[PDB]
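Worksheet for the structure shown next.
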Amino acid sequence: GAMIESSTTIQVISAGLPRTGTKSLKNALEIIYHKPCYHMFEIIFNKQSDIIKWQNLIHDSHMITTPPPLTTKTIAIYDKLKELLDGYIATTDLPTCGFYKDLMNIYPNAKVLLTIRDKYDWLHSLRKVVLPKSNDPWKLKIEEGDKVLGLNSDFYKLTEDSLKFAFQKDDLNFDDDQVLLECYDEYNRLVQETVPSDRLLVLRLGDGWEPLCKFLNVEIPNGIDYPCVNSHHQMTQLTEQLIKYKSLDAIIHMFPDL
Ligand SMILES: O=[N+]([O-])c1cc(N[C@H]2CCN(Cc3ccc(C(F)(F)F)cc3)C2)ccc1CO
Ligand SMILES: Nc1ncnc2c1ncn2[C@@H]1O[C@H](COP(=O)(O)O)[C@@H](OP(=O)(O)O)[C@H]1O
């Protein structure tokens, strides 16, 4: 296909929850658009200063009225969200995914994705990487590796509060598997009820390039396989290597996705 000059603005909003292929999708969208895609890893590696800003936004988010019409309070919140996303061509992952409705309003020419997978595979992945149960010994290892990266209690608070926001819960028993499974199913159902079908592509792990590229009117990247990264097995190795070497820079050459 011909090469065309793409605008550096949000063109793709992925509502998919963490551990549904968001990092592979981030990589895929950066391969297509050659500009950055938001993801929690963007906060960890490039924008830790953004943590307080997302926390502030979530704290105020209850004041949004879904437009149209646009209220004064909503405009003020939307401006802060636009600022956070300046320079990016897409959003994935926490903390953005719960804002998909608001991002659709801010970026009316953006298209919407939803990544989904088997609910029990999702929970298992979530418990291995993001939210281990309180009494799980692996939680202490995760926390020890995270400190190497400069991640503290505010990072965990952002994960919790952005998951609460996505699930529209005032509080959440994070150790309750049944609650998380029910929230997962309700969240994915509500996305599909909310986004006009013409504007939504539902992706399942394994779908690869073709449905995505068709939806985005781009050629399939030539000779590049669809990304397959961020497995919980690989995250466990990362945590263990951070613990062992006590720096990211000492080991990053061993993790080509970082
Ligand atoms: O899915 N994730 O990765 C995810 C992990 C968390 N929370 C914390 C809890 C445990 N800690 C493990 C870990 C260490 C280093 C990296 C690195 F690769 F970014 F360096 C990634 C994960 C991260 C929160 C949200 C997401 C959504 O993306
Ligand atoms: N192309 C692909 N095909 C199959 N699974 C994929 C994939 N890309 C990512 N995944 C899976 O998606 C999950 C990561 O999601 P995220 O990037 O949102 O955190 C991992 O699940 P597992 O933890 O079950 O391995 C990973 O293995």
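Chain identifiers are assigned as A, B, and so on, following the order in which chains appear in the structure tokens; residues are numbered from 1 within each chain, and ligands are numbered from 1 in order of appearance.
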
Would you list the contacts of residue 257 in chain A as a compact mmCIF listing (two decimals) with C-alpha atoms, in the first residue's frame, taking every protein, DNA or RNA residue within 9 Å and counting only C-alpha atoms, but skipping same-chain residues closer than 4 positions in sequence?
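Okay, this is what ended up in selection.txt:
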# COMPACT_ATOMS: atom_id res chain seq x y z
CA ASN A 27 3.51 -3.51 20.36
CA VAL A 229 4.69 -11.17 24.67
CA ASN A 230 4.01 -10.64 28.36
CA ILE A 252 17.18 -5.40 30.27

Mind checking which residues fall within 10 Å of residue 228 in chain A, counting only C-alpha atoms, ignoring those fewer than 3 positions away in the same chain, and posting them as a PyMOL selection string? chain A and resi 21+23-25+27-28+205-206+208+225+231

Let me see if you get this right: every residue at most 10 Å from ligand 2, counting only C-alpha atoms and all ligand atoms, written as a PyMOL selection string. chain A and resi 16-28+39-41+92-94+115-118+120-130+204-209+225-236

Counting only C-alpha atoms, what is within 7 Å of range 9-14 of chain A, bar same-chain residues fewer than 5 positions away, as a ChimeraX atom specification? /A:87-92,97,100,107,109-114

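The shortest atom-to-atom distance to residue 247 in chain A, with only C-alpha atoms taken into account, belongs to A:150 out of A:211, A:132, A:150, A:68.
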
Run DSSP on the backbone and tell me which residues of range 111-238 of chain A come out as strand (DSSP E); list them as a list in words. residues 111, 112, 113, 114, 115, 116, 200, 201, 202, 203 and 204 of chain A

Can you write just those residues out, N, CA and C atoms, as a PDB file, in the first residue's frame?
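Ended up saving to selection_31.pdb:
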ATOM      1  N   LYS A 111     -11.049   4.576  16.842  1.00  0.00           N
ATOM      2  CA  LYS A 111     -11.774   3.318  16.838  1.00  0.00           C
ATOM      3  C   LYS A 111     -11.488   2.573  18.132  1.00  0.00           C
ATOM      4  N   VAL A 112     -12.379   1.652  18.492  1.00  0.00           N
ATOM      5  CA  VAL A 112     -12.350   1.005  19.804  1.00  0.00           C
ATOM      6  C   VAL A 112     -12.118  -0.493  19.642  1.00  0.00           C
ATOM      7  N   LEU A 113     -11.229  -1.028  20.465  1.00  0.00           N
ATOM      8  CA  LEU A 113     -10.948  -2.447  20.528  1.00  0.00           C
ATOM      9  C   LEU A 113     -11.343  -2.971  21.898  1.00  0.00           C
ATOM     10  N   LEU A 114     -11.699  -4.247  21.938  1.00  0.00           N
ATOM     11  CA  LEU A 114     -11.864  -4.949  23.203  1.00  0.00           C
ATOM     12  C   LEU A 114     -11.176  -6.287  23.073  1.00  0.00           C
ATOM     13  N   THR A 115     -10.134  -6.495  23.879  1.00  0.00           N
ATOM     14  CA  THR A 115      -9.470  -7.787  23.984  1.00  0.00           C
ATOM     15  C   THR A 115     -10.131  -8.623  25.080  1.00  0.00           C
ATOM     16  N   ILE A 116     -10.430  -9.879  24.777  1.00  0.00           N
ATOM     17  CA  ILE A 116     -11.083 -10.773  25.723  1.00  0.00           C
ATOM     18  C   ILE A 116     -10.408 -12.131  25.654  1.00  0.00           C
ATOM     19  N   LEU A 200     -16.515  -0.822  17.111  1.00  0.00           N
ATOM     20  CA  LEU A 200     -15.893  -1.776  18.029  1.00  0.00           C
ATOM     21  C   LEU A 200     -15.386  -3.008  17.280  1.00  0.00           C
ATOM     22  N   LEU A 201     -14.162  -3.431  17.591  1.00  0.00           N
ATOM     23  CA  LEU A 201     -13.652  -4.731  17.166  1.00  0.00           C
ATOM     24  C   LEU A 201     -13.305  -5.538  18.410  1.00  0.00           C
ATOM     25  N   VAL A 202     -13.948  -6.690  18.564  1.00  0.00           N
ATOM     26  CA  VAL A 202     -13.639  -7.617  19.647  1.00  0.00           C
ATOM     27  C   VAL A 202     -12.554  -8.575  19.164  1.00  0.00           C
ATOM     28  N   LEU A 203     -11.426  -8.577  19.873  1.00  0.00           N
ATOM     29  CA  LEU A 203     -10.273  -9.411  19.577  1.00  0.00           C
ATOM     30  C   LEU A 203     -10.125 -10.482  20.642  1.00  0.00           C
ATOM     31  N   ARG A 204      -9.859 -11.692  20.204  1.00  0.00           N
ATOM     32  CA  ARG A 204      -9.511 -12.784  21.102  1.00  0.00           C
ATOM     33  C   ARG A 204      -8.026 -13.096  20.951  1.00  0.00           C
TER      34      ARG A 204
END

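Between ligand 1 and the candidates A:96, A:178, A:6, A:197, the tightest atom-to-atom separation, counting only C-alpha atoms and all ligand atoms, involves A:96.
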
Please report, as a ChimeraX atom specification, each residue of range 6-249 of chain A to which DSSP assigns alpha helix (DSSP H) when run on this structure's backbone. /A:22-33,40-46,51-60,72-84,100-106,119-129,138-148,153-167,177-194,209-216,232-245

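Shortest atom-to-atom contact with ligand 1 among A:136, A:146, A:185, A:5: A:146, counting only C-alpha atoms and all ligand atoms.
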
For the atom pair CA of residue 188 in chain A and atom 17 (C, counted along the ligand's line) of ligand 1, what is the interatomic distance in Å to one decimal place? 25.2 Å

Please list as a short mmCIF file (atom, residue, chain, number, x, y, z; two decimals) with N, CA, C and O atoms, in the first residue's frame every residue within 7 Å of range 50-57 of chain A, counting only C-alpha atoms and excluding residues in the same chain fewer than 3 positions away.
data_model
loop_
_atom_site.label_atom_id
_atom_site.label_comp_id
_atom_site.auth_asym_id
_atom_site.auth_seq_id
_atom_site.Cartn_x
_atom_site.Cartn_y
_atom_site.Cartn_z
N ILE A 43 3.91 3.93 31.97
CA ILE A 43 4.07 4.58 33.28
C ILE A 43 5.32 4.05 33.98
O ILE A 43 6.14 4.83 34.48
N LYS A 47 7.07 7.26 32.51
CA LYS A 47 6.17 8.30 33.01
C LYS A 47 5.73 8.04 34.45
O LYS A 47 4.56 8.21 34.80
N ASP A 60 -11.28 12.59 40.66
CA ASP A 60 -12.29 13.54 40.19
C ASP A 60 -13.30 12.90 39.25
O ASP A 60 -14.32 13.53 38.94
N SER A 61 -13.07 11.67 38.81
CA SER A 61 -13.82 11.11 37.69
C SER A 61 -15.31 10.99 37.97
O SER A 61 -16.10 10.96 37.01
N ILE A 77 -12.09 17.78 33.26
CA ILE A 77 -11.51 16.45 33.44
C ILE A 77 -10.97 15.93 32.12
O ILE A 77 -9.85 15.40 32.05
N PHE A 155 1.98 3.27 43.24
CA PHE A 155 1.77 2.49 42.02
C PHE A 155 0.69 1.45 42.24
O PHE A 155 -0.22 1.29 41.41
N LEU A 158 -2.69 3.07 42.31
CA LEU A 158 -3.21 3.40 40.99
C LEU A 158 -3.81 2.17 40.32
O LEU A 158 -4.87 2.25 39.67
#

Nearest to residue 81 in chain A among A:63, A:106, A:32, A:242, with distances taken over only C-alpha atoms: which residue is it? A:106

One number please: CA of residue 101 in chain A to CA of residue 195 in chain A, in Å, one decimal. 7.9 Å

Using only C-alpha atoms and all ligand atoms, the best pick from A:79, A:143, A:210, A:102 as closest to ligand 1 would be A:143

Skip residue 170 in chain A itself and residues of its chain fewer than 6 positions away, then list as a list in words all residues within 12 Å of it, counting only C-alpha atoms.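 What passes the distance filter is residues 58, 59, 62, 160, 161, 162, 163 and 164 of chain A.
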
Between A:222, A:217, A:74, A:153, single out the one closest to ligand 1, counting only C-alpha atoms and all ligand atoms. A:153
